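Structure data (mmCIF, C-alpha atoms and all ligand atoms) from start-v4.cif:
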data_final
#
loop_
_atom_site.group_PDB
_atom_site.id
_atom_site.type_symbol
_atom_site.label_atom_id
_atom_site.label_comp_id
_atom_site.auth_asym_id
_atom_site.auth_seq_id
_atom_site.Cartn_x
_atom_site.Cartn_y
_atom_site.Cartn_z
ATOM 1 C CA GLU A 207 -15.031 -11.140 11.340
ATOM 2 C CA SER A 208 -15.145 -8.787 8.378
ATOM 3 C CA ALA A 209 -18.371 -7.395 9.820
ATOM 4 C CA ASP A 210 -16.533 -6.528 13.022
ATOM 5 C CA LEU A 211 -13.839 -4.808 10.971
ATOM 6 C CA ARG A 212 -16.486 -2.660 9.288
ATOM 7 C CA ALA A 213 -17.980 -1.815 12.678
ATOM 8 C CA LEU A 214 -14.515 -0.810 13.864
ATOM 9 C CA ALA A 215 -14.046 1.289 10.722
ATOM 10 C CA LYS A 216 -17.350 3.026 11.442
ATOM 11 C CA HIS A 217 -16.529 3.551 15.118
ATOM 12 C CA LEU A 218 -13.248 5.216 14.218
ATOM 13 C CA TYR A 219 -14.916 7.447 11.639
ATOM 14 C CA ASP A 220 -17.612 8.516 14.086
ATOM 15 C CA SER A 221 -14.928 9.255 16.731
ATOM 16 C CA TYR A 222 -12.891 11.090 14.089
ATOM 17 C CA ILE A 223 -15.853 13.340 13.250
ATOM 18 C CA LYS A 224 -16.318 14.018 16.983
ATOM 19 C CA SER A 225 -12.657 14.796 17.629
ATOM 20 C CA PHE A 226 -11.704 16.970 14.675
ATOM 21 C CA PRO A 227 -13.702 20.144 13.969
ATOM 22 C CA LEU A 228 -12.828 20.495 10.276
ATOM 23 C CA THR A 229 -12.989 17.295 8.206
ATOM 24 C CA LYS A 230 -11.608 16.715 4.717
ATOM 25 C CA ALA A 231 -15.155 16.526 3.358
ATOM 26 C CA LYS A 232 -15.976 20.047 4.550
ATOM 27 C CA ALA A 233 -12.478 21.296 3.747
ATOM 28 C CA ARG A 234 -12.771 20.160 0.129
ATOM 29 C CA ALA A 235 -16.218 21.737 -0.165
ATOM 30 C CA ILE A 236 -14.787 25.035 1.080
ATOM 31 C CA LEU A 237 -11.724 24.794 -1.169
ATOM 32 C CA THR A 238 -13.829 24.034 -4.246
ATOM 33 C CA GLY A 239 -16.598 26.501 -3.451
ATOM 34 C CA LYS A 240 -19.676 24.382 -2.790
ATOM 35 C CA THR A 241 -20.549 25.278 0.798
ATOM 36 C CA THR A 242 -23.248 27.826 1.631
ATOM 37 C CA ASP A 243 -20.860 29.188 4.263
ATOM 38 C CA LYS A 244 -19.056 32.509 3.816
ATOM 39 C CA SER A 245 -15.803 32.440 1.864
ATOM 40 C CA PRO A 246 -12.486 32.164 3.730
ATOM 41 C CA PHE A 247 -10.548 35.424 3.936
ATOM 42 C CA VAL A 248 -7.601 35.151 1.550
ATOM 43 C CA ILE A 249 -4.136 36.054 2.833
ATOM 44 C CA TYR A 250 -1.814 36.422 -0.161
ATOM 45 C CA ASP A 251 0.555 39.158 1.039
ATOM 46 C CA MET A 252 1.614 41.300 4.007
ATOM 47 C CA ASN A 253 -1.212 43.811 3.546
ATOM 48 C CA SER A 254 -3.939 41.146 3.513
ATOM 49 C CA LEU A 255 -2.302 39.487 6.507
ATOM 50 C CA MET A 256 -2.838 42.746 8.391
ATOM 51 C CA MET A 257 -6.449 43.056 7.233
ATOM 52 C CA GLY A 258 -7.030 39.456 8.263
ATOM 53 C CA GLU A 259 -6.110 40.385 11.836
ATOM 54 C CA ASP A 260 -9.681 41.616 12.362
ATOM 55 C CA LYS A 261 -11.623 39.063 10.336
ATOM 56 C CA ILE A 262 -10.116 35.763 11.469
ATOM 57 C CA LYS A 263 -10.967 34.514 14.953
ATOM 58 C CA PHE A 264 -8.599 32.324 16.940
ATOM 59 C CA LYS A 265 -9.807 30.129 19.800
ATOM 60 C CA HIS A 266 -6.846 31.154 21.965
ATOM 61 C CA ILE A 267 -6.820 34.665 23.432
ATOM 62 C CA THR A 268 -3.703 36.820 23.051
ATOM 63 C CA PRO A 269 -4.144 40.312 24.581
ATOM 64 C CA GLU A 276 7.782 40.523 12.888
ATOM 65 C CA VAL A 277 5.400 38.847 10.433
ATOM 66 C CA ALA A 278 7.523 35.746 9.824
ATOM 67 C CA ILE A 279 7.589 35.133 13.575
ATOM 68 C CA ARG A 280 3.865 35.690 14.083
ATOM 69 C CA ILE A 281 3.036 33.200 11.332
ATOM 70 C CA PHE A 282 5.350 30.644 12.924
ATOM 71 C CA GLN A 283 3.791 31.209 16.348
ATOM 72 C CA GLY A 284 0.379 30.836 14.751
ATOM 73 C CA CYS A 285 1.348 27.425 13.395
ATOM 74 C CA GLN A 286 2.630 26.609 16.882
ATOM 75 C CA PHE A 287 -0.701 27.340 18.539
ATOM 76 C CA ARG A 288 -2.650 25.475 15.870
ATOM 77 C CA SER A 289 -0.353 22.525 16.539
ATOM 78 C CA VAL A 290 -1.112 22.788 20.249
ATOM 79 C CA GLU A 291 -4.842 22.603 19.485
ATOM 80 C CA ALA A 292 -4.232 19.699 17.125
ATOM 81 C CA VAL A 293 -2.281 17.718 19.715
ATOM 82 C CA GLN A 294 -5.277 17.967 22.025
ATOM 83 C CA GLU A 295 -7.735 16.898 19.310
ATOM 84 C CA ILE A 296 -5.516 13.986 18.348
ATOM 85 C CA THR A 297 -5.166 12.917 21.974
ATOM 86 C CA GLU A 298 -8.949 12.807 22.250
ATOM 87 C CA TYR A 299 -9.109 10.668 19.109
ATOM 88 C CA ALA A 300 -6.376 8.285 20.256
ATOM 89 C CA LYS A 301 -8.313 7.656 23.462
ATOM 90 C CA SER A 302 -11.243 6.441 21.343
ATOM 91 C CA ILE A 303 -9.179 3.718 19.657
ATOM 92 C CA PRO A 304 -10.181 0.398 21.270
ATOM 93 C CA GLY A 305 -7.499 -0.788 23.662
ATOM 94 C CA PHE A 306 -5.568 2.486 23.755
ATOM 95 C CA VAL A 307 -6.625 3.768 27.188
ATOM 96 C CA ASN A 308 -5.843 0.342 28.665
ATOM 97 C CA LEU A 309 -2.203 0.540 27.558
ATOM 98 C CA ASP A 310 0.531 1.382 30.044
ATOM 99 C CA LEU A 311 0.109 5.137 30.542
ATOM 100 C CA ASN A 312 3.736 5.924 29.786
ATOM 101 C CA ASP A 313 3.348 3.985 26.537
ATOM 102 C CA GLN A 314 0.289 6.077 25.721
ATOM 103 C CA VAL A 315 2.452 9.158 26.226
ATOM 104 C CA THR A 316 5.160 7.699 24.009
ATOM 105 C CA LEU A 317 2.725 6.874 21.215
ATOM 106 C CA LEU A 318 1.374 10.423 21.236
ATOM 107 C CA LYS A 319 4.802 12.032 21.521
ATOM 108 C CA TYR A 320 6.107 10.384 18.352
ATOM 109 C CA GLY A 321 2.739 10.156 16.629
ATOM 110 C CA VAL A 322 1.181 13.601 16.779
ATOM 111 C CA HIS A 323 3.233 15.465 14.185
ATOM 112 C CA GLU A 324 2.798 12.666 11.669
ATOM 113 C CA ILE A 325 -0.942 12.932 12.227
ATOM 114 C CA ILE A 326 -0.852 16.743 12.088
ATOM 115 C CA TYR A 327 0.699 16.670 8.629
ATOM 116 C CA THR A 328 -1.593 13.893 7.407
ATOM 117 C CA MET A 329 -4.591 15.982 8.403
ATOM 118 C CA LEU A 330 -3.050 19.244 7.246
ATOM 119 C CA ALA A 331 -3.044 17.758 3.740
ATOM 120 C CA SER A 332 -6.860 17.637 3.893
ATOM 121 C CA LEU A 333 -6.823 21.428 4.242
ATOM 122 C CA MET A 334 -4.299 21.981 1.435
ATOM 123 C CA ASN A 335 -4.323 22.259 -2.311
ATOM 124 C CA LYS A 336 -1.501 23.262 -4.639
ATOM 125 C CA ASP A 337 -2.390 26.926 -4.086
ATOM 126 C CA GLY A 338 -2.606 27.251 -0.311
ATOM 127 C CA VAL A 339 -3.923 26.048 3.030
ATOM 128 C CA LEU A 340 -7.084 26.627 5.068
ATOM 129 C CA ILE A 341 -6.590 28.106 8.536
ATOM 130 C CA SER A 342 -8.744 28.600 11.634
ATOM 131 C CA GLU A 343 -11.386 26.027 10.698
ATOM 132 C CA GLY A 344 -11.761 27.518 7.240
ATOM 133 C CA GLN A 345 -12.131 31.176 8.224
ATOM 134 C CA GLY A 346 -8.954 31.915 6.320
ATOM 135 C CA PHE A 347 -6.951 30.741 3.324
ATOM 136 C CA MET A 348 -3.229 31.446 3.132
ATOM 137 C CA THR A 349 -1.623 31.117 -0.284
ATOM 138 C CA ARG A 350 1.281 28.718 -0.709
ATOM 139 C CA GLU A 351 3.139 31.503 -2.495
ATOM 140 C CA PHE A 352 2.910 33.949 0.411
ATOM 141 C CA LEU A 353 4.152 31.380 2.929
ATOM 142 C CA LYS A 354 7.026 30.669 0.548
ATOM 143 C CA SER A 355 7.897 34.367 0.261
ATOM 144 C CA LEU A 356 8.703 34.678 3.969
ATOM 145 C CA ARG A 357 12.288 35.526 4.901
ATOM 146 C CA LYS A 358 14.603 32.622 5.690
ATOM 147 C CA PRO A 359 14.550 30.214 7.282
ATOM 148 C CA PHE A 360 10.787 30.666 7.400
ATOM 149 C CA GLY A 361 9.972 30.729 3.695
ATOM 150 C CA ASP A 362 10.770 27.024 3.558
ATOM 151 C CA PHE A 363 8.918 26.122 6.757
ATOM 152 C CA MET A 364 5.888 24.687 4.983
ATOM 153 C CA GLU A 365 6.927 23.739 1.439
ATOM 154 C CA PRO A 366 7.883 20.175 2.422
ATOM 155 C CA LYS A 367 4.334 19.804 3.731
ATOM 156 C CA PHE A 368 2.618 21.210 0.639
ATOM 157 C CA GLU A 369 4.763 18.838 -1.414
ATOM 158 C CA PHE A 370 3.685 15.879 0.707
ATOM 159 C CA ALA A 371 0.049 16.999 0.601
ATOM 160 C CA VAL A 372 -0.109 17.353 -3.174
ATOM 161 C CA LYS A 373 1.077 13.765 -3.635
ATOM 162 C CA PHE A 374 -0.987 12.409 -0.737
ATOM 163 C CA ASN A 375 -4.193 14.077 -1.911
ATOM 164 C CA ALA A 376 -3.700 12.512 -5.343
ATOM 165 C CA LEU A 377 -4.592 9.241 -3.588
ATOM 166 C CA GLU A 378 -8.068 10.697 -2.980
ATOM 167 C CA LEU A 379 -8.678 9.207 0.467
ATOM 168 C CA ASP A 380 -11.847 10.251 2.278
ATOM 169 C CA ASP A 381 -12.519 10.847 5.958
ATOM 170 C CA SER A 382 -13.479 7.195 6.450
ATOM 171 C CA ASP A 383 -10.146 6.057 4.990
ATOM 172 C CA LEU A 384 -8.238 8.650 7.013
ATOM 173 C CA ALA A 385 -9.735 7.734 10.373
ATOM 174 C CA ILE A 386 -8.260 4.220 10.124
ATOM 175 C CA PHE A 387 -4.986 5.421 8.559
ATOM 176 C CA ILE A 388 -4.454 7.776 11.506
ATOM 177 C CA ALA A 389 -5.283 5.061 14.012
ATOM 178 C CA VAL A 390 -2.708 2.703 12.478
ATOM 179 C CA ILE A 391 -0.008 5.383 12.699
ATOM 180 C CA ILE A 392 -0.735 6.174 16.335
ATOM 181 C CA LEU A 393 -0.542 2.481 17.286
ATOM 182 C CA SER A 394 3.029 2.073 16.051
ATOM 183 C CA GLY A 395 4.859 -0.577 18.046
ATOM 184 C CA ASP A 396 8.310 0.694 17.072
ATOM 185 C CA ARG A 397 8.267 4.117 18.719
ATOM 186 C CA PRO A 398 11.405 4.704 20.830
ATOM 187 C CA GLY A 399 11.112 3.747 24.473
ATOM 188 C CA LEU A 400 7.878 1.747 24.433
ATOM 189 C CA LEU A 401 7.752 -0.635 27.393
ATOM 190 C CA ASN A 402 5.116 -3.157 26.337
ATOM 191 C CA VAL A 403 5.276 -3.670 22.599
ATOM 192 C CA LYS A 404 3.101 -6.713 21.962
ATOM 193 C CA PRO A 405 -0.254 -5.213 23.010
ATOM 194 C CA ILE A 406 0.363 -2.255 20.711
ATOM 195 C CA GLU A 407 1.372 -4.548 17.835
ATOM 196 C CA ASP A 408 -1.784 -6.635 18.344
ATOM 197 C CA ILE A 409 -3.998 -3.535 18.225
ATOM 198 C CA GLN A 410 -2.227 -2.198 15.155
ATOM 199 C CA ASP A 411 -2.457 -5.570 13.414
ATOM 200 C CA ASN A 412 -6.233 -5.453 13.753
ATOM 201 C CA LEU A 413 -6.343 -1.808 12.638
ATOM 202 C CA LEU A 414 -4.231 -2.718 9.599
ATOM 203 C CA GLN A 415 -6.717 -5.467 8.739
ATOM 204 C CA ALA A 416 -9.494 -2.891 9.071
ATOM 205 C CA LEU A 417 -7.639 -0.501 6.768
ATOM 206 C CA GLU A 418 -6.950 -3.121 4.121
ATOM 207 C CA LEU A 419 -10.639 -4.057 3.966
ATOM 208 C CA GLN A 420 -11.685 -0.387 3.973
ATOM 209 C CA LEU A 421 -9.479 0.335 0.959
ATOM 210 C CA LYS A 422 -10.630 -2.818 -0.881
ATOM 211 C CA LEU A 423 -14.282 -1.827 -0.513
ATOM 212 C CA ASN A 424 -13.959 1.960 -0.809
ATOM 213 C CA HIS A 425 -11.346 1.981 -3.595
ATOM 214 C CA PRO A 426 -12.074 -1.242 -5.543
ATOM 215 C CA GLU A 427 -10.206 -0.109 -8.651
ATOM 216 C CA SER A 428 -6.963 0.818 -6.866
ATOM 217 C CA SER A 429 -5.316 -2.379 -5.619
ATOM 218 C CA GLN A 430 -2.071 -0.532 -4.903
ATOM 219 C CA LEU A 431 -3.541 1.888 -2.392
ATOM 220 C CA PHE A 432 -2.868 -0.119 0.770
ATOM 221 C CA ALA A 433 0.805 -0.666 -0.084
ATOM 222 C CA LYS A 434 1.176 3.018 -0.983
ATOM 223 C CA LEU A 435 -0.341 4.139 2.314
ATOM 224 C CA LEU A 436 2.123 1.955 4.216
ATOM 225 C CA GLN A 437 4.907 3.826 2.413
ATOM 226 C CA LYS A 438 3.295 7.193 3.195
ATOM 227 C CA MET A 439 3.556 6.242 6.873
ATOM 228 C CA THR A 440 7.303 5.821 6.407
ATOM 229 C CA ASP A 441 7.405 9.036 4.374
ATOM 230 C CA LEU A 442 5.695 10.950 7.171
ATOM 231 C CA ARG A 443 8.534 10.096 9.546
ATOM 232 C CA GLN A 444 10.931 11.768 7.115
ATOM 233 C CA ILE A 445 8.719 14.853 6.871
ATOM 234 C CA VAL A 446 8.740 15.101 10.664
ATOM 235 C CA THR A 447 12.510 14.591 10.706
ATOM 236 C CA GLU A 448 13.060 17.443 8.260
ATOM 237 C CA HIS A 449 10.687 19.610 10.281
ATOM 238 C CA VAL A 450 12.537 19.017 13.547
ATOM 239 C CA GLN A 451 15.804 19.932 11.826
ATOM 240 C CA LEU A 452 14.495 23.194 10.376
ATOM 241 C CA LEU A 453 13.135 23.748 13.875
ATOM 242 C CA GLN A 454 16.623 23.709 15.380
ATOM 243 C CA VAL A 455 17.791 26.101 12.669
ATOM 244 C CA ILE A 456 15.001 28.488 13.663
ATOM 245 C CA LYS A 457 15.566 28.204 17.417
ATOM 246 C CA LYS A 458 19.092 29.437 16.724
ATOM 247 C CA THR A 459 19.239 31.463 13.503
ATOM 248 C CA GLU A 460 16.686 33.684 15.257
ATOM 249 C CA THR A 461 16.967 35.522 18.565
ATOM 250 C CA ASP A 462 15.141 33.207 20.939
ATOM 251 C CA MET A 463 11.353 33.302 20.749
ATOM 252 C CA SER A 464 8.815 31.524 22.956
ATOM 253 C CA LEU A 465 8.071 27.857 22.266
ATOM 254 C CA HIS A 466 4.852 26.440 23.706
ATOM 255 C CA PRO A 467 5.549 24.050 26.621
ATOM 256 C CA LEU A 468 3.407 21.279 25.126
ATOM 257 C CA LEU A 469 5.557 21.424 21.996
ATOM 258 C CA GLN A 470 8.755 21.642 24.043
ATOM 259 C CA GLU A 471 7.750 18.404 25.747
ATOM 260 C CA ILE A 472 7.044 16.654 22.447
ATOM 261 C CA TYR A 473 10.175 17.942 20.707
ATOM 262 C CA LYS A 474 12.449 16.798 23.535
ATOM 263 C CA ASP A 475 14.089 13.673 22.089
ATOM 264 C CA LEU A 476 12.044 13.946 18.888
ATOM 265 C CA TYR A 477 13.471 13.340 15.411
ATOM 266 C CA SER B 7 3.998 15.506 31.862
ATOM 267 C CA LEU B 8 1.474 17.659 30.022
ATOM 268 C CA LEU B 9 0.712 14.815 27.598
ATOM 269 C CA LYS B 10 -0.013 12.519 30.540
ATOM 270 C CA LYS B 11 -2.443 15.079 31.976
ATOM 271 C CA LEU B 12 -4.286 15.339 28.653
ATOM 272 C CA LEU B 13 -4.484 11.541 28.530
ATOM 273 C CA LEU B 14 -5.913 11.239 32.047
ATOM 274 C CA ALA B 15 -8.678 13.818 31.641
ATOM 275 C CA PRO B 16 -12.141 12.266 31.044
HETATM 276 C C1 LIG C 501 -4.454 36.733 10.561
HETATM 277 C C2 LIG C 501 -3.446 35.637 10.750
HETATM 278 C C3 LIG C 501 -3.485 34.519 9.928
HETATM 279 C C4 LIG C 501 -2.553 33.519 10.108
HETATM 280 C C5 LIG C 501 -1.607 33.665 11.108
HETATM 281 O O1 LIG C 501 -0.641 32.691 11.338
HETATM 282 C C6 LIG C 501 -1.163 31.406 11.281
HETATM 283 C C7 LIG C 501 -2.106 30.970 12.223
HETATM 284 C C8 LIG C 501 -2.624 29.666 12.156
HETATM 285 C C9 LIG C 501 -2.203 28.819 11.164
HETATM 286 N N1 LIG C 501 -2.520 27.508 10.843
HETATM 287 C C10 LIG C 501 -1.793 27.205 9.767
HETATM 288 C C11 LIG C 501 -1.852 25.846 9.102
HETATM 289 O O2 LIG C 501 -0.552 25.447 8.709
HETATM 290 C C12 LIG C 501 0.067 24.701 9.715
HETATM 291 C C13 LIG C 501 -0.621 24.305 10.865
HETATM 292 C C14 LIG C 501 0.025 23.562 11.846
HETATM 293 C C15 LIG C 501 1.361 23.210 11.685
HETATM 294 C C16 LIG C 501 2.049 23.601 10.543
HETATM 295 C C17 LIG C 501 3.452 23.232 10.368
HETATM 296 O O3 LIG C 501 4.005 23.390 9.322
HETATM 297 O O4 LIG C 501 4.046 22.700 11.458
HETATM 298 C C18 LIG C 501 1.403 24.345 9.561
HETATM 299 N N2 LIG C 501 -1.014 28.203 9.337
HETATM 300 C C19 LIG C 501 -0.081 28.255 8.196
HETATM 301 C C20 LIG C 501 -1.242 29.264 10.205
HETATM 302 C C21 LIG C 501 -0.746 30.533 10.278
HETATM 303 F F1 LIG C 501 0.155 31.010 9.414
HETATM 304 C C22 LIG C 501 -1.627 34.811 11.894
HETATM 305 C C23 LIG C 501 -0.609 34.983 12.979
HETATM 306 N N3 LIG C 501 -2.532 35.790 11.724
#
What does the file become when written as structure tokens?
Amino acid sequence: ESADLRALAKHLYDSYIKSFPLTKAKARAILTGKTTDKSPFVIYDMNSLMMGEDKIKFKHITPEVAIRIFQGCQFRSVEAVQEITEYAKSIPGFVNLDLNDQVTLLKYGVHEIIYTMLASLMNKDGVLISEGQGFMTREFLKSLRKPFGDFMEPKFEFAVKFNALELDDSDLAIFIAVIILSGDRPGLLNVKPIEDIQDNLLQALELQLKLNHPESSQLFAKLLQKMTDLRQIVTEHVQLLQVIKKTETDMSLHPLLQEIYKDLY
Amino acid sequence: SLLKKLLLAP
């Protein structure tokens, strides 16, 4: 039933709102300057990065600059993996999958979801950090010494094009769900049940886009290509990651990320 | 694995 597909769409959106603290809706309001909330602290150079040390709060307690920024992205990614795991568990059928298949879906899925959702926090000028407490300029991130100055440009470039599609949180909830339920991730044991779930999610997405974006017939086909594109973004990221792990004297990589990156491309 | 633990937690 189409009605059931709308109910599924709504369930995913409600779960999405529960699982992810900063939504695109709120992020756009902040970025444009509509919210009654206090303005994000702007980090545009080294000096303002230092000043931001006091103002911006991080959930994790931690009693050179390029490295600290990279480690900061690391920890945000750790938080994001946990948020995304919570969301995946709300997708009907997911928790009933073989547990090792659940692990596999997350392992290969999370970074693609991280960068999808990171777009919501980005414009052409910079990215929101720490739930909107801070805004780091795209230019400052680019100015970082190599290899780090190029760490995030691929993502800003993806985000600028992706945001031009003008999806909202209701679109994104289903888009994310489809990506997570990918039946072609390496090493999946029981493919059919994942394919069947994704097939229904894809039907939900198609109907969502037809109703929510009536004038843009091409949107569904474009989003399917963005899913393929996201795999390339993650590939590039993993490769720059190996460059960093070497071209720098070894730094600490979070064990959750180590686990994900093992056998990741 | 750590991912498995996150998945199992209610
Ligand atoms: C005061 C202050 C502010 C910021 C800061 O470093 C940080 C701390 C958190 C951050 N969160 C983001 C968002 O961008 C991301 C998030 C997740 C993954 C990726 C990615 O490319 O993989 C990018 N950036 C850039 C951060 C950053 F740069 C530190 C260490 N101190």
Task: Within 7 Å of ligand LIG 501 (chain C) (all atoms listed in the file), residues as a ChimeraX atom specification - done: /A:255-256,258-259,262,280-286,288-289,326,330,339-342,348,363-364,367
TODO: For the structure provided, state which residues fall under the PyMOL selection byres (((chain B and resi 8) around 9) and not hetatm), and present them as an NGL selection string.
DONE: (:A and (467-468 or 471)) or (:B and (7 or 9-13))
Hey, what comes out of the PyMOL selection byres ((chain A) within 12 of (chain B)) on this file? Could you write it as a PDB file with C-alpha atoms, keeping the file's coordinate frame?
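Wrote it out as selection09.pdb, contents follow:
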ATOM      1  CA  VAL A 290      -1.112  22.788  20.249  1.00  0.00           C
ATOM      2  CA  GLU A 291      -4.842  22.603  19.485  1.00  0.00           C
ATOM      3  CA  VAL A 293      -2.281  17.718  19.715  1.00  0.00           C
ATOM      4  CA  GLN A 294      -5.277  17.967  22.025  1.00  0.00           C
ATOM      5  CA  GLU A 295      -7.735  16.898  19.310  1.00  0.00           C
ATOM      6  CA  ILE A 296      -5.516  13.986  18.348  1.00  0.00           C
ATOM      7  CA  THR A 297      -5.166  12.917  21.974  1.00  0.00           C
ATOM      8  CA  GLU A 298      -8.949  12.807  22.250  1.00  0.00           C
ATOM      9  CA  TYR A 299      -9.109  10.668  19.109  1.00  0.00           C
ATOM     10  CA  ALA A 300      -6.376   8.285  20.256  1.00  0.00           C
ATOM     11  CA  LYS A 301      -8.313   7.656  23.462  1.00  0.00           C
ATOM     12  CA  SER A 302     -11.243   6.441  21.343  1.00  0.00           C
ATOM     13  CA  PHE A 306      -5.568   2.486  23.755  1.00  0.00           C
ATOM     14  CA  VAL A 307      -6.625   3.768  27.188  1.00  0.00           C
ATOM     15  CA  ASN A 308      -5.843   0.342  28.665  1.00  0.00           C
ATOM     16  CA  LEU A 309      -2.203   0.540  27.558  1.00  0.00           C
ATOM     17  CA  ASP A 310       0.531   1.382  30.044  1.00  0.00           C
ATOM     18  CA  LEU A 311       0.109   5.137  30.542  1.00  0.00           C
ATOM     19  CA  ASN A 312       3.736   5.924  29.786  1.00  0.00           C
ATOM     20  CA  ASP A 313       3.348   3.985  26.537  1.00  0.00           C
ATOM     21  CA  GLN A 314       0.289   6.077  25.721  1.00  0.00           C
ATOM     22  CA  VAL A 315       2.452   9.158  26.226  1.00  0.00           C
ATOM     23  CA  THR A 316       5.160   7.699  24.009  1.00  0.00           C
ATOM     24  CA  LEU A 317       2.725   6.874  21.215  1.00  0.00           C
ATOM     25  CA  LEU A 318       1.374  10.423  21.236  1.00  0.00           C
ATOM     26  CA  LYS A 319       4.802  12.032  21.521  1.00  0.00           C
ATOM     27  CA  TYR A 320       6.107  10.384  18.352  1.00  0.00           C
ATOM     28  CA  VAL A 322       1.181  13.601  16.779  1.00  0.00           C
ATOM     29  CA  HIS A 466       4.852  26.440  23.706  1.00  0.00           C
ATOM     30  CA  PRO A 467       5.549  24.050  26.621  1.00  0.00           C
ATOM     31  CA  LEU A 468       3.407  21.279  25.126  1.00  0.00           C
ATOM     32  CA  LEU A 469       5.557  21.424  21.996  1.00  0.00           C
ATOM     33  CA  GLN A 470       8.755  21.642  24.043  1.00  0.00           C
ATOM     34  CA  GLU A 471       7.750  18.404  25.747  1.00  0.00           C
ATOM     35  CA  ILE A 472       7.044  16.654  22.447  1.00  0.00           C
ATOM     36  CA  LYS A 474      12.449  16.798  23.535  1.00  0.00           C
TER      37      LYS A 474
END
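Straight-line separation from atom CA of residue A:375 to atom CA of residue A:351: 18.9 Å.
The residue set within 12 Å of residue A:436, counting all atoms listed in the file and dropping same-chain residues fewer than 3 places from it, reads residues 374, 387, 388, 390, 391, 394, 414, 417, 418, 430, 431, 432, 433, 439, 440, 441, 442 and 443 of chain A.
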Can you spit out the residues from that selection as a CSV table (one decimal), in the coordinates of the input, using C-alpha atoms?
chain,number,residue,atom,x,y,z
A,374,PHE,CA,-1.0,12.4,-0.7
A,387,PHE,CA,-5.0,5.4,8.6
A,388,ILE,CA,-4.5,7.8,11.5
A,390,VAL,CA,-2.7,2.7,12.5
A,391,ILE,CA,0.0,5.4,12.7
A,394,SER,CA,3.0,2.1,16.1
A,414,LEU,CA,-4.2,-2.7,9.6
A,417,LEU,CA,-7.6,-0.5,6.8
A,418,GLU,CA,-7.0,-3.1,4.1
A,430,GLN,CA,-2.1,-0.5,-4.9
A,431,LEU,CA,-3.5,1.9,-2.4
A,432,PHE,CA,-2.9,-0.1,0.8
A,433,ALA,CA,0.8,-0.7,-0.1
A,439,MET,CA,3.6,6.2,6.9
A,440,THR,CA,7.3,5.8,6.4
A,441,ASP,CA,7.4,9.0,4.4
A,442,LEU,CA,5.7,11.0,7.2
A,443,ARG,CA,8.5,10.1,9.5
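Note that atom CA of residue A:355 and atom CA of residue A:371 are 19.1 Å apart.
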Task: Evaluate the PyMOL selection byres (((chain A and resi 218-233) around 8) and not hetatm) and report residues as a ChimeraX atom specification - done: /A:214-217,234-237,241,295-296,298-299,302-303,329,332-333,340,343-344,380-382,385-386,389
TODO: For atom CA of residue A:459 and atom CA of residue A:475, determine how far apart the two atoms are, in Å to one decimal place.
DONE: 20.4 Å
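Those residues that approach residue A:354 to within 12 Å, counting only C-alpha atoms, are residues 250, 251, 278, 281, 337, 338, 348, 349, 350, 351, 357, 358, 359, 360, 361, 362, 363, 364, 365, 366, 367 and 368 of chain A; same-chain residues fewer than 3 positions away are not listed.
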Set up a box along x, y and z of the file covering all listed atoms of stretch 8-13 of chain B, add 3 Å on every one of the six sides, and write the centre and edge lengths in Å to one decimal, as AutoDock Vina command-line options.
--center_x -1.5 --center_y 14.6 --center_z 29.8 --size_x 12.0 --size_y 12.1 --size_z 10.4
